[PDB]
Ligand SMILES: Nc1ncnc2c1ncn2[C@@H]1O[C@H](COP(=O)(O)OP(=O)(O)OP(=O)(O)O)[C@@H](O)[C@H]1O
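Okay, so here's just one chain, in structure tokens, the form solved without this ligand.
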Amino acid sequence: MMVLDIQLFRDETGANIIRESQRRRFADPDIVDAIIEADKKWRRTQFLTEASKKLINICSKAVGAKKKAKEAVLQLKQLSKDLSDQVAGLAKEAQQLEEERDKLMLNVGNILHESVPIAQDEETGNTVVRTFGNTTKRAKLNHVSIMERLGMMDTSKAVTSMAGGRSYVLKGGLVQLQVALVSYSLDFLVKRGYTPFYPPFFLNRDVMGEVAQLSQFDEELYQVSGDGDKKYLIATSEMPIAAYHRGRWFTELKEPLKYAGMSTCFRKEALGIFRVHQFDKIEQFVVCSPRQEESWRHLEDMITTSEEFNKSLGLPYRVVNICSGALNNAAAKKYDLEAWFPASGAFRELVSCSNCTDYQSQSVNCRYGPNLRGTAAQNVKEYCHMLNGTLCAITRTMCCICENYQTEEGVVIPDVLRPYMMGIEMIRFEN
């Protein structure tokens, strides 16, 4: 279970910050008190447990000194046993309280940035930050009609009877385009200092729970079985990249860690190729210092990077700031880049960029800085900040390119992609 850091709840100022954030997200602030109470009883079990373990050795040391002195102890033995009984009792309580606490926390979101719009309904509540290109342009055929006329996409029963609903085959020029986008995307981020990262597409349940919200198991994740422990297919490379930092500790990050995640993603989603179960994606993932609001600076760079990508492709768009009621729990702020689809006549999400601050990193225990011990200055456990953002969701981007670059003869290939597909200038309609 991925939830917010308990430390912030343990003083009045932080509890007030969380209650305010809850109200601004249209969530329950009264939850903060319930979490504080559950935690207070939990801490009490831990206080008694540590004190009783201490007294177990007083019981042992005493027998050790007495039987050394050859003395007729029988109480000290019984007291060791009973204290060990009490510790076992305290552990069962302690475990129940952790589960109740973490359960309550499922409805506590990350602390909202001060710039998040306050609204419940995305339809009207998102705030438009910037726009690019002719976002009122009109065109003849939608992406579905285009890919059909190209003869290069099959979403018919020949496919769906093999692979189930929303499965597809790509062929020909559209596969060339897909691979052009993967390679160009990778190079685009390499040039901006990202390290390529190719993850496993499976994660164990244990680890998936640390990086995924519990509603994602329900609605989004396929389960894979056979070889060893049960696993889940990844819905994004952000999952395995976040999980790769579990139990790490970065004393300093003068430079952030920047990864260009490359994978196939799988989503249960519980037409054409815009919303499908299986898709390639290139993702930006950043791990940085939690200090001086550095993470906020990287969020601006990441959305800017995605914009520059779409500018290079010549795709018109708007960037929106996602309202408080629609943000997922992990995100303190989220930008979506919504491309304009001129045949369809709609803005459609191609990219989202999120600052999750320490939400994931505290769940995976990715620590930062110096330890509580030794140095008198450190009182709080610090954790790295983590951000993630799409660079290119390949099928969605192909759909957008198809509508924007169509002609009577086919789909013109965006200039920058041509050298990544054998110099091809256009893929042509079958007819």
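Heads up: residue numbers just count along the shown sequence, starting at 1.
The following text describes the form solved in complex with this ligand, which does not appear among the structures shown.
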Once this ligand is overlaid from its position in the deposited bound form by fitting the nearby C-alphas, are 3 or more of its atoms within 2.4 Å of backbone or C-beta here, so blocked, or is the site open? open
Identify, from the list 395, 45, 363, 404, the residue with a heavy atom within 4.5 Å of this ligand in the deposited bound form. 395
Tell me, out of 298, 231, 333, 267, which residue has a non-hydrogen atom within 4.5 angstroms of this ligand in the deposited bound form. 267
Tell me the stretch among 200-208, 111-119, 278-286, 125-133 that has any heavy atom within 4.5 angstroms of this ligand in the deposited bound form. 278-286
Does any heavy atom of residue 262 come within 4.5 Å of a heavy atom of this ligand in the deposited bound form? no
Quick one: does residue 350 come within 4.5 Å of this ligand in the deposited bound form, counting heavy atoms only? yes
Given that the partner is absent here, does residue 222 sit within 4.5 Å of this ligand in the deposited bound form, heavy atoms only? no
Contact with this ligand in the deposited bound form for residue 244, defined as at least one heavy atom pair within 4.5 Å: yes or no? no
